[PDB]
Amino acid sequence: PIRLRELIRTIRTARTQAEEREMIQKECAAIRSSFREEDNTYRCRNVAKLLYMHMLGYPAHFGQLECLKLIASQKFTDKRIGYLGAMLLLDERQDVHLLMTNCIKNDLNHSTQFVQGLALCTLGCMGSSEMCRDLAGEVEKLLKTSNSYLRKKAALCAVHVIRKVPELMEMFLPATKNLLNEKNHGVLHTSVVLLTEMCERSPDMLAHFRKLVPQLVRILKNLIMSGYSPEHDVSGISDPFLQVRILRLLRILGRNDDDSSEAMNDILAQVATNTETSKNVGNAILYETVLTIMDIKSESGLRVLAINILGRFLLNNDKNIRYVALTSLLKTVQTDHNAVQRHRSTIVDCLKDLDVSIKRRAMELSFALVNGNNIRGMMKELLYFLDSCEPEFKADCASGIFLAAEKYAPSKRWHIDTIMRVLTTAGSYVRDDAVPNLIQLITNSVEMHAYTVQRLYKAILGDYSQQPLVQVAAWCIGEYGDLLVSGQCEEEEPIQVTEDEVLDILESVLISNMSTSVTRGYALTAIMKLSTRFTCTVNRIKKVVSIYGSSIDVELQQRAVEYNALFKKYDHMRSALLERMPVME
Amino acid sequence: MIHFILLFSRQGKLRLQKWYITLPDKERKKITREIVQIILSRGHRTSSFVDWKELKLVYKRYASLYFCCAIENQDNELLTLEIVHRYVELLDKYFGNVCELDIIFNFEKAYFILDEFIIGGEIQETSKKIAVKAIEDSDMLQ
Amino acid sequence: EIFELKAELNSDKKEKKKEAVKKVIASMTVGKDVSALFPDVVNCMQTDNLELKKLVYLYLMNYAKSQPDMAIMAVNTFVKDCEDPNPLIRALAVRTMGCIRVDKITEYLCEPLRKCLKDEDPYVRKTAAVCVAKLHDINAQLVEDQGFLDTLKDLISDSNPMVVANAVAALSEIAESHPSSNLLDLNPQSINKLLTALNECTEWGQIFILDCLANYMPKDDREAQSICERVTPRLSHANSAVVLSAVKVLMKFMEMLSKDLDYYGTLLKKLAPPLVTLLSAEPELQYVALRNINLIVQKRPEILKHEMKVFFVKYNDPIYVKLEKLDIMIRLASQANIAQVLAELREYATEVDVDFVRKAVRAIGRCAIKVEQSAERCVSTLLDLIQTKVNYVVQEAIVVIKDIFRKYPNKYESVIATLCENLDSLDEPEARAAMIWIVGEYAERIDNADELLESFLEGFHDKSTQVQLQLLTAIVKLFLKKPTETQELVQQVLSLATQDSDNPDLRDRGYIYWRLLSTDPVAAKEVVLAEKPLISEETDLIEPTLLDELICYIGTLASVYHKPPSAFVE
Amino acid sequence: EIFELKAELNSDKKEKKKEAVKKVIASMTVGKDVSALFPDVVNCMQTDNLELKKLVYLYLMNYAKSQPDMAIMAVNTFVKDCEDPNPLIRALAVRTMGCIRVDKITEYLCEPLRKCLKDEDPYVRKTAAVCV
Amino acid sequence: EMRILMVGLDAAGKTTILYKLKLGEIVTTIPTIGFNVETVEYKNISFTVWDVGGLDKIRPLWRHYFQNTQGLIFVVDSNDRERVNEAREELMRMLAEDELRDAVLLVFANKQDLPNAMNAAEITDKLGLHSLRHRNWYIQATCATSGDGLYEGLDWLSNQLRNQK
Amino acid sequence: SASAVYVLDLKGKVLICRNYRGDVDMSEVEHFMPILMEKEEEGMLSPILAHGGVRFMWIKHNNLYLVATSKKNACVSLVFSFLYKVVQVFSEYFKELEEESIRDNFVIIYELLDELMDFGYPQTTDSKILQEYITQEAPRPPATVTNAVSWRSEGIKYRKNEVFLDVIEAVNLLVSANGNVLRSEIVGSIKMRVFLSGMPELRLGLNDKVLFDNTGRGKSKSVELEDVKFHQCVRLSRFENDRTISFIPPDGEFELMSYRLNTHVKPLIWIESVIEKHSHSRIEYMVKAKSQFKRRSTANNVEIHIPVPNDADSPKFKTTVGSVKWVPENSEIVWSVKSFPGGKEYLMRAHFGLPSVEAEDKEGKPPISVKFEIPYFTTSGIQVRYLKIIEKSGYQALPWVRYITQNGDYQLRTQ
């Protein structure tokens, strides 16, 4: 029975983890044989050493009985370490945490506010939804009291029981009424977090809570005009935590209301001027202000000043504020789509930043910055950026180019030009989900498949290791070989479409192990398609099917058998079912 | 909503973990080792912001010991840095010139300052005096 | 800080400059940038101390590239120190001159190297022989211009076979660096001289002079046997590296022996107990040893086809040895050793290493594929491993029993009566679709095949392409097997496949199945219910043209990787 | 070397100036000439630590003669420390004031000595009697 | 966090307003021969105060805090027109150092209860504080037993210390 | 063929580094430990790592990673066996091989790495001859460095002339959980301590089956040498001719021959045990240990290890002969019998507890490994016949021998 800090020094005197695990299991067996004696005196430090093992990640699953026993103790420190072990070793899926219900319930009825503080603490940190339905009648009872040490814990415990049971929030509506003049700002902070949560959950609660807008307008005006407080105060603001929470409750309320949005008009006009962009905190205040402005249905004159704020936030050399300004313009995409578009050179300039996050947010901001006019010039630098990307940006950029091109394509020719340029420059980095999207849009095209599939064959002759490229290309060849090989049933004057390497490129994909076997599924599907699309060179692909009948894949063996039966027995049924596939949406 | 709180050293040793979302221990080690690998492999002019798995992750270098959280990606981001700075001042006021060994030897007191400062992921006391006073009163109960 | 060290260096006392250069190489030891102290430790080099100049040569080696312009101040000192009564400092300066890779320096480094080739002491001669290959690595055509190749051939024509062995190592390096222009193959008389050089040179030299034999091929039966009779006692050596190269040259030269002569079987039976004994080595050599055994048992499977008991894994063995012993047991699974191998693999799914258990289940499957005799015992063992109901064990066993059913679908119709209950909440799509093939393929002895697919058709549109396509094939096969019950099922899976799904091959196979069902559904009894041929499996025997190239590379990185050497070198 | 010690001394942390004055009295222990660090350890004297000020009084005793001109910066601190609730620090300051033999200092040292004669605790009274 | 002095001519009330700042009291204070030092945690900034008296023998003893010195407060005595000229010459002797240049000036117009005192403007004229290059100076009317004007000097001093929000 | 021989710490920084060819850049060692953790956590832990075109051949010490880097097709077993010989020579030099030996005795080790290898080529890797001109306490190199016989320098002289032979048995065994033998082989190793004068030559006499078949005396007791791998010093051509172990001995301690054979004799110590694995309560090890060998030999200091559950608690051992220490640091027991005679059976009954809650993962079932040691006994029955000292001076040396039966990996599989 050594001390906790003795085990700390024991593990810190270990260099090798192959020896540190030996030093773990020594004292672990000491704790295990100690728990066989049912000792309630050293149980504090035994469970503490066991939690020190769990913190570095050692087997501590067995010592949860004794955590429950420390919660089932009567001394204060034993209960303290027991609730620590309950928050650390127990969770929702532990399956043994349901025994805490009676103990937390009696410790919610404990005389001390600190033991009730721990009973609210563990229930707010990890109280399961089944435990929420068993304790929320006593959670509100500690909200029916007025102890300012306990009300701040009961309000966020109510946030937790809404978080785990969102159909139990109706019993805290009568418990949250008109406690919104509490002078303790901690209780007031937890109450504004609770109102933000309640307004986030149900629209039926909005109408009860958009009535108390001017009350919290007065509270926020009292906190903004508060020049100094001894506590609550970092960088000269009396509780900016509660200021951001009140501005966030102002952001989610009045977002589709006009009366409450003009009830909060003047305090937003004040805090847009009574902030300070010097340290981090006032920039946070002003950014939450501009978020509140851009999310409510505010006056556009507020939005003039707010876009002036965000143009200043782009100018700040702090990468914090550059991330904030990119997130800012990423938030006000649809709201004020015009005044964000004149930040375009700065948004493109943020693509050359030395951060993964700033390049990511500027990339997505240029993606959301696309309209029906900037599609020409921006996509050139966007694909230049994709060519100058990193392999982690290539999936997101390859998706975003496709998504902003499917909406705002000025020309279906140039649309497929940009798509084919991306399919060359990305290759095996685009997601396979975008491949049926590209297939669906090029079959939504009807007038250009010559220009599509000729350029397809011009590109894919050099490469097949780009896997989604040939995922596109095999279906493209199988559906539009008749437009690829045009009027060439026999040998003519030499045109580059040759109907023998057209089959051999797919066959070379087949023989090569650079093939995900849905490459091979698409390719054999294209082979069976081009027996009717081509009358030029037939009965050579039937050879490929007949020799392919003993391949090692399951479905490809099924596919070769089900083809070879048609190619040898039901040739009259092959051209009957090889019509083009119809267009869906 | 803060989903987790992580405190890992420069060498990668986990000094404090916290989970406000109940995900199992293998997932805990996976996510923890991933985040430790991400932050230790990033420079010093990278805004201390990472968009990692639907989370605008907020970390900060105060010393060799690195601190890590992640707010929900619909909230303000700089206030999470102010939360971590306020908790730094809490550890400095309760411990007194807070060393690494003060965090190493007396980790459970840092866990309890965290318990009396944040439950459920949200700030429960915005005063920098009432919280340390209450934990010194709970220590005064012992 | 470094000015103090340069002031210690610029003094005239031996004990001051000695501690100065020790502080220099101690800063270099942790890797401090002591490159700035180059041209002043150049001056503190020509000393009568022999312990001091090794540190200086270490600095010059570690900073030859660092100061390409300031390094010209050492050539006179090198040609002085190559003129010393002590051969240790001469050979030390020679091996210093070779490792300094600066092309501005090595022009003046030809003639003192030529002189130290012609020295009396074999120590500096075998140093200068390796230094010839060092300079040929620096500048090959300067070595060709100076004619050091002939002097390298004259140290092949030397006595005291350590100089000869370093000459053979240097020649193997230089002829490797050659385009084989003027290839340095020997007459068999110099080869017999190397055979006389074999019982005398070092155990490392006994490797490199066996490395020249990878470049020569004998022309007679008596010549090959005559050299292999003294290649043969090299297999009884303690070092596994001499044994491995001797195995390499014997595998190279056993294609010249008459199999009808009794010397070839003498080579065969005397080779296998050394190959079994090399498994008792220390395990990092055992990894390359198992890869080379795999290279040999593919080349000659008759060697280790009676030694199965030694390829059983042990608990102390790491993952890279336990996974390769499984592959050797695959390459050596025969008709009579079925019980020990299958009970051994039965005790291999009982491990906590997940990938080892997956590879073990795949080994049982490759055993059921490779031999048809114990496919049934593989089926019984794998069903009893399904009876463990460990999730990844079932996720491998479904695919493995599927691939057993693909090769041998014949007498396995009462096995699927258990496989209907196989933890139907299986998650991995490679074995979900495998179980879909097991159901739909065997949908005549499975009576509840419709209602189990109702679980598989619920979350239909987001699983995979493979799982959805296996459902699309297996329901058509089921409905062809029973047209009464699954009349709605084939229609609803065609409606889920054709209309709402945009999965393109799934769409194409759906429209094909629908046009087949609408055109002539009775003709599907010949179209989709065509008699499947015997599936040509994926036989993993390496191409004998490539394998004979890999007979020429045993003990190499290509021998480990089972690749051609040019496939990975740069 | 002593500028580093004066920089440790001119800080504001208790543990830095504490190790600084311990290094000062350790140099004084072997007898190093730490007389040059007089007027700056004069400033680091009025502390709430009682263990620290004994070392400072030891320095002032060992260097009263050494700095006869710079020693005028302690009389206000002595008449302050003779007005303390702790009688140990009062009698300590009294027996410090007596052993400092500088005639420029002892003119202002009559009345707080007279007050500590008239104190209640016999410890500081029997100290002030010897200080007379 | 930052350090500061309180110097000036003797009997000018600077230790009186010092112990007014520390505890809020006007305690009996001798004419200060040695020094005084307290700490005032104000606006979350520990104003570490280093009084040095204005007796004639200890006026040359001012340089031995001027090693590692960040600020300055010069407490004037308004009621002495006879000694304000030698206090001015003493201030000009203190400010004529190549070491005392980070020390911003903070003038405390003190003993502002008697009718014979100057205002917060005539003292600047008698000192000539407008001719101060490299000196952020600020005069402030302070009184001891009321404590008025002391916290305004602390406010301006704290604005000189921090350059943040 | 390595271009740069490296030794890293357990973190990945350079303890000591030694380049030879410049084919591997010195900055590429920094990728090793990230590639080590990257391949290790996916089960691809191999002695050969790769970074594009640069390979990483490595063996592992307790605190040291002997990283051997190459870019082209290096001869691999060359590199790994040279790594093992560097480990053996440095263990001869520095009896503990740690970072205190690297970071402080750095005067000699760079010289050692320069001497053992040039251009990636091992040239002279024997320890005792390298002692004679590389010291930490320099003259010309010895001619034994240049000699064909490069393991025994002339000039060695002792007062007495003694040759100590150590015939050490090592029974390898893998008994399945059913109770049958899967593999009963014996790797035997003779280590010699030779203290002679000058350049002697030694001919070892053994009771070989093949040599007695060459003689015609193959009906008495003999050993069936299935394979023998000798030292370099044994003239192997003469052994191929007529089974002759002809060698000039090295000086001091050296291992002569490492032979291997298969043995169908019953195992020495049979371990039967039943395990009553109850859910969340306890476990029982009713283990018995009988000896199948003769009633004249006594097994010294056996350590019969049974692997136990990891989170067991309150250990109980109703033993008969021999002490138990429960080792939960390795999660096992050590049933130690000091004097274990032959033909006797000693019972041990163990009883543990088990926690009421299960674990997240499984533990595994390691086999039973015991640590017996028997003097004056060879299970193979191999006996040295003669050892003829040949010397130009001519004297009587003292060929002494003792017979030791130990284990190799003496495994018996568990339930």
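Order as written gives the chain letters A, B, C, D, E and F; numbering starts at 1 within each chain.
The rule is short, and it goes like this: a residue touches a chain if its C-beta (ideal position, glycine included) is under 8 Å from a C-beta of that chain, and two chains touch if they have at least 3 such contacts.
J.: Going by the stated contact rule, which chains contact chain B and chain C alike?
T.: The common neighbours are A, F.
J.: How many links in the shortest chain of touching chains run from chain B to chain D?
T.: Each step joins two touching chains, and the minimum needed here is 3.
J.: Given the contact rule stated at the top, which pair of chains has the most C-beta pairs in contact?
T.: Chains C-F share more contact pairs than any other pair.
J.: Farthest chain from chain B, going by mean C-alpha coordinates, please.
T.: F
J.: Just to be sure I understand: the centre of a chain is the mean of its C-alpha atoms, right? Then which chain's centre is nearest the mean of all of them?
T.: Here the chain at the core of the arrangement is B.
J.: Indicate the whole-number Å distance between the mean C-alpha point of chain B and the mean C-alpha point of chain F.
T.: Here the centre of chain F sits 49 Å away from the centre of chain B.
J.: Using CA atom averages as chain centres, what separation in Å is found between chain A and chain D?
T.: Roughly 66 Å separates the two chain centres.
J.: Give, as an integer number of Å, the spacing between the C-alpha centres of chain F and chain D.
T.: 72
J.: Measure off the straight-line distance from the CA centroid of chain D to the CA centroid of chain E, and report it in whole Å.
T.: Taking the mean C-alpha position of each chain, the two centres sit 26 Å apart.
J.: Please set out, as single numbers or ranges, the residues of chain A touching at least two other chains.
T.: Within chain A, the residues that touch at least two other chains are 230, 233, 281.
J.: Dump the list of chain pairs that touch, please.
T.: Result of the pairwise touch check is A-B, A-C, A-E, A-F, B-F, C-F, D-E.
J.: What residues of chain C sit close enough to touch chain F in their complex?
T.: Residue list for chain C touching chain F: 22, 25-26, 29-31, 50-51, 54-55, 57-58, 61-62, 65, 86-88, 92, 95, 98-99, 101, 121-123, 126-127, 130-131, 133-134, 137, 160-162, 166, 169, 173, 199-208, 211, 230, 232-241, 243-245, 273-274, 276-277, 280, 282, 284-285, 287-289, 309-310, 312, 314-316, 318-320, 340, 343-344, 347, 350-355, 553, 555-560, 565, 568-570.
J.: Sort out for me which residues of chain F touch chain A in the complex.
T.: Chain F residues touching chain A: 10, 62-63, 310-315, 326, 328-331, 353, 355-360.
J.: So in the complex, which bits of chain F are touching chain C?
T.: Per the stated touch rule, the residues are 1, 14, 16-17, 19-22, 43, 45-48, 52-53, 55, 58-59, 70-78, 80-84, 103, 106-107, 110-111, 114, 118-119, 121-125, 133, 138-141, 145-148, 150, 174, 176-178, 182-183, 185, 187, 226-232, 234-237, 239-240, 255, 258, 260, 361-367, 409, 411, 413.
J.: Please give the residue numbers of chain A that touch chain F in the complex, ascending.
T.: Counting only chain A, the residues touching chain F are 15-16, 21-23, 25-26, 28-29, 32-33, 35-36, 59, 61-62, 64-65, 96.
J.: Where on chain A is chain C touching in the complex?
T.: On the chain A side, the touching residues are 435-437, 439-440, 475, 518, 521-522, 525, 529, 549-552, 554-555, 557-558, 561-562, 564-566, 569-570, 573, 576-577, 581, 584.
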